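Here's input11.pdb, which has PDB, C-alpha atoms:
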```
ATOM      1  CA  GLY A   1     125.353  99.797  90.344  1.00  0.00           C
ATOM      2  CA  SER A   2     128.505  99.545  88.258  1.00  0.00           C
ATOM      3  CA  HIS A   3     128.557 101.131  84.750  1.00  0.00           C
ATOM      4  CA  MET A   4     131.220  98.826  83.424  1.00  0.00           C
ATOM      5  CA  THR A   5     130.530  96.946  80.256  1.00  0.00           C
ATOM      6  CA  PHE A   6     131.866  93.765  78.647  1.00  0.00           C
ATOM      7  CA  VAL A   7     132.428  92.929  75.018  1.00  0.00           C
ATOM      8  CA  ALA A   8     131.742  89.631  73.290  1.00  0.00           C
ATOM      9  CA  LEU A   9     134.878  87.905  71.957  1.00  0.00           C
ATOM     10  CA  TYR A  10     132.955  85.500  69.695  1.00  0.00           C
ATOM     11  CA  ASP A  11     129.484  85.007  68.319  1.00  0.00           C
ATOM     12  CA  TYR A  12     127.224  82.820  70.468  1.00  0.00           C
ATOM     13  CA  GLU A  13     123.922  81.146  69.609  1.00  0.00           C
ATOM     14  CA  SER A  14     121.607  80.587  72.532  1.00  0.00           C
ATOM     15  CA  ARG A  15     120.279  77.071  73.171  1.00  0.00           C
ATOM     16  CA  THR A  16     117.546  78.115  75.616  1.00  0.00           C
ATOM     17  CA  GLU A  17     115.205  81.038  76.268  1.00  0.00           C
ATOM     18  CA  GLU A  18     117.163  81.948  79.412  1.00  0.00           C
ATOM     19  CA  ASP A  19     120.353  82.661  77.443  1.00  0.00           C
ATOM     20  CA  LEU A  20     121.235  85.515  75.089  1.00  0.00           C
ATOM     21  CA  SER A  21     122.470  85.127  71.622  1.00  0.00           C
ATOM     22  CA  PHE A  22     125.089  87.731  70.720  1.00  0.00           C
ATOM     23  CA  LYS A  23     127.686  88.724  68.152  1.00  0.00           C
ATOM     24  CA  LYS A  24     131.406  89.328  68.494  1.00  0.00           C
ATOM     25  CA  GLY A  25     131.808  92.952  69.466  1.00  0.00           C
ATOM     26  CA  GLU A  26     128.434  93.258  71.173  1.00  0.00           C
ATOM     27  CA  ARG A  27     128.490  95.357  74.328  1.00  0.00           C
ATOM     28  CA  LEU A  28     126.934  93.672  77.349  1.00  0.00           C
ATOM     29  CA  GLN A  29     126.017  95.158  80.703  1.00  0.00           C
ATOM     30  CA  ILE A  30     126.415  92.558  83.412  1.00  0.00           C
ATOM     31  CA  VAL A  31     123.745  92.718  86.070  1.00  0.00           C
ATOM     32  CA  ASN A  32     125.481  90.069  88.163  1.00  0.00           C
ATOM     33  CA  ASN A  33     128.589  87.926  87.866  1.00  0.00           C
ATOM     34  CA  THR A  34     128.965  86.510  91.375  1.00  0.00           C
ATOM     35  CA  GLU A  35     126.782  83.381  91.351  1.00  0.00           C
ATOM     36  CA  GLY A  36     128.395  80.980  88.834  1.00  0.00           C
ATOM     37  CA  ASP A  37     130.114  80.980  85.477  1.00  0.00           C
ATOM     38  CA  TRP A  38     127.073  82.114  83.482  1.00  0.00           C
ATOM     39  CA  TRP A  39     126.346  85.789  84.078  1.00  0.00           C
ATOM     40  CA  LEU A  40     123.158  87.740  83.941  1.00  0.00           C
ATOM     41  CA  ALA A  41     123.498  90.271  81.074  1.00  0.00           C
ATOM     42  CA  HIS A  42     121.738  93.058  79.213  1.00  0.00           C
ATOM     43  CA  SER A  43     122.600  93.685  75.575  1.00  0.00           C
ATOM     44  CA  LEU A  44     123.312  97.340  74.854  1.00  0.00           C
ATOM     45  CA  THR A  45     122.453  96.711  71.208  1.00  0.00           C
ATOM     46  CA  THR A  46     119.185  94.641  71.389  1.00  0.00           C
ATOM     47  CA  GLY A  47     118.020  95.551  74.887  1.00  0.00           C
ATOM     48  CA  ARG A  48     117.342  91.914  75.734  1.00  0.00           C
ATOM     49  CA  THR A  49     118.406  90.243  78.917  1.00  0.00           C
ATOM     50  CA  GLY A  50     119.611  86.724  79.513  1.00  0.00           C
ATOM     51  CA  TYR A  51     122.474  84.615  80.723  1.00  0.00           C
ATOM     52  CA  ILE A  52     125.787  84.540  78.889  1.00  0.00           C
ATOM     53  CA  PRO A  53     128.798  82.232  79.194  1.00  0.00           C
ATOM     54  CA  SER A  54     131.461  84.339  80.907  1.00  0.00           C
ATOM     55  CA  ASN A  55     134.327  82.842  78.886  1.00  0.00           C
ATOM     56  CA  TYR A  56     132.885  84.551  75.792  1.00  0.00           C
ATOM     57  CA  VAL A  57     133.386  88.108  77.123  1.00  0.00           C
ATOM     58  CA  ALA A  58     136.055  90.479  78.385  1.00  0.00           C
ATOM     59  CA  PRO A  59     135.833  93.906  80.073  1.00  0.00           C
ATOM     60  CA  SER A  60     135.737  96.795  77.581  1.00  0.00           C
ATOM     61  CA  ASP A  61     135.982 100.057  79.529  1.00  0.00           C
TER      62      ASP A  61
ATOM     63  CA  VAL B   1     117.255  76.721  90.846  1.00  0.00           C
ATOM     64  CA  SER B   2     120.287  78.707  89.744  1.00  0.00           C
ATOM     65  CA  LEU B   3     120.721  79.440  86.044  1.00  0.00           C
ATOM     66  CA  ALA B   4     124.269  80.732  86.712  1.00  0.00           C
ATOM     67  CA  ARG B   5     125.646  77.380  87.885  1.00  0.00           C
ATOM     68  CA  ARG B   6     126.118  75.557  84.578  1.00  0.00           C
ATOM     69  CA  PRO B   7     129.383  74.427  82.965  1.00  0.00           C
ATOM     70  CA  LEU B   8     130.852  76.759  80.380  1.00  0.00           C
ATOM     71  CA  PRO B   9     130.650  75.846  76.714  1.00  0.00           C
ATOM     72  CA  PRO B  10     133.737  75.518  74.538  1.00  0.00           C
ATOM     73  CA  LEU B  11     135.007  78.589  72.786  1.00  0.00           C
ATOM     74  CA  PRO B  12     134.393  78.185  69.056  1.00  0.00           C
TER      75      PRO B  12
END
```
Here is the file; what I need is its structure written in the form of structure tokens.
Amino acid sequence: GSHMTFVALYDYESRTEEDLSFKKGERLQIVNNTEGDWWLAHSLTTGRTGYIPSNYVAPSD
Amino acid sequence: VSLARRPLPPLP
């Protein structure tokens, strides 16, 4: 798989167990971003997985 | 059913 990572542009508070909460600056590994506008992510600071809203992130590296 | 296919939330 890809080793690219994304960075959060804003804080986000999850509204459901399926979705991550994250902080601005958090580095997120995307497992998939080809099925819809919410992407399947892995936090490289908490280790949790969950969906994130793709408008809240940008590529970092 | 897909969890990816939801509308995006507003930026804050």
For this session: For segment 2-12 of chain B, work out the shell of residues within 6 Å, counting only C-alpha atoms and skipping chain neighbours fewer than 2 positions away, then give it as a PyMOL selection string.
Result: chain A and resi 35-38+53
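For the atom pair formed by atom CA of residue 3 of chain A and atom CA of residue 27 of chain A, the distance is 11.9 Å, given to one decimal.
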Problem set entry | Counting only C-alpha atoms, chain A residues within 9 Å of chain B, as a VMD selection string | chain A and resid 10 to 12 18 33 to 40 51 to 56
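Note that the spacing between atom CA of residue 48 of chain A and atom CA of residue 17 of chain A amounts to 11.1 Å.
Going from atom CA of residue 13 of chain A over to atom CA of residue 60 of chain A, you cover 21.2 Å.
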Once you've located chain B in the structure I gave, write it as a short mmCIF file (atom, residue, chain, number, x, y, z; two decimals), in the first residue's frame, keeping N, CA, C and O atoms.
```cif
data_model
loop_
_atom_site.label_atom_id
_atom_site.label_comp_id
_atom_site.auth_asym_id
_atom_site.auth_seq_id
_atom_site.Cartn_x
_atom_site.Cartn_y
_atom_site.Cartn_z
N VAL B 1 -24.05 -1.31 4.62
CA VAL B 1 -24.17 -0.16 3.75
C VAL B 1 -22.99 0.79 3.95
O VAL B 1 -22.43 0.90 5.04
N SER B 2 -22.59 1.45 2.87
CA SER B 2 -21.39 2.26 2.90
C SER B 2 -21.41 3.35 3.97
O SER B 2 -22.36 4.11 4.08
N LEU B 3 -20.32 3.43 4.71
CA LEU B 3 -20.05 4.52 5.64
C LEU B 3 -19.34 5.70 4.96
O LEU B 3 -19.28 6.80 5.52
N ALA B 4 -18.78 5.48 3.77
CA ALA B 4 -18.06 6.51 3.05
C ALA B 4 -18.99 7.52 2.38
O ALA B 4 -18.62 8.68 2.19
N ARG B 5 -20.18 7.05 1.99
CA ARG B 5 -21.12 7.83 1.19
C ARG B 5 -22.06 8.56 2.13
O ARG B 5 -23.18 8.13 2.36
N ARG B 6 -21.54 9.63 2.73
CA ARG B 6 -22.29 10.59 3.53
C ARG B 6 -21.88 11.99 3.06
O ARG B 6 -20.77 12.18 2.57
N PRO B 7 -22.76 12.98 3.23
CA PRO B 7 -22.37 14.35 2.87
C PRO B 7 -21.28 14.85 3.81
O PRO B 7 -21.19 14.45 4.97
N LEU B 8 -20.45 15.75 3.32
CA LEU B 8 -19.41 16.32 4.15
C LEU B 8 -19.99 17.37 5.08
O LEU B 8 -20.93 18.09 4.74
N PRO B 9 -19.40 17.49 6.26
CA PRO B 9 -19.81 18.52 7.20
C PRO B 9 -19.18 19.85 6.84
O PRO B 9 -18.15 19.88 6.17
N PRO B 10 -19.75 20.95 7.30
CA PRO B 10 -19.08 22.24 7.12
C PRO B 10 -17.72 22.25 7.78
O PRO B 10 -17.52 21.63 8.84
N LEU B 11 -16.80 22.98 7.18
CA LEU B 11 -15.58 23.38 7.87
C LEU B 11 -15.97 24.33 9.01
O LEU B 11 -16.99 25.01 8.93
N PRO B 12 -15.15 24.41 10.05
CA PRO B 12 -15.59 25.16 11.23
C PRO B 12 -15.23 26.64 11.15
O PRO B 12 -15.61 27.37 12.07
#
```
